[PDB]
């Protein structure tokens, strides 16, 4: 399985602090086992995923993850290089970063995280060929974002 560490101090992420709701979803399991988020570009999830990101992130990161009060999340550059993979991105939300970006394990369930993450990926404006967090089939149906 994947290594789930705090992107900052290196310590292992303690999943005992994870709320009990949404730790069972076939997505949360598949993710913890494989490290793959089955919600990426998932038509039956996006609508809601977007809403999660809407009232949970758009405030600091922008209406399209372009950036505002906080950094941009819609391009190939990542202050924390690991975020180019869902395992790293996950660890970021769960364990926190610095400043007004602290551990989400209190407000989001393990499933709501993977959904929100899925939308953040959908907002990617880069080139499909680059979307390394996507299977081949998904890279084929992916179109860089545009409001």
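Numbering follows the first chain given and starts at 1.
The stretch 96-104 shows the higher mean C-alpha B-factor when 96-104 is compared against 26-34 in the entry. For the segment pair 105-113 and 35-43, the entry gives 105-113 the higher mean B-factor, averaged over Cα atoms. Residue-level inspection of the entry shows that, of 123, 18, 134, 13, 18 has the top Cα B-factor. In the deposited entry, the Cα temperature factor of residue 50 sits in the top third of values across the chain's modelled residues.
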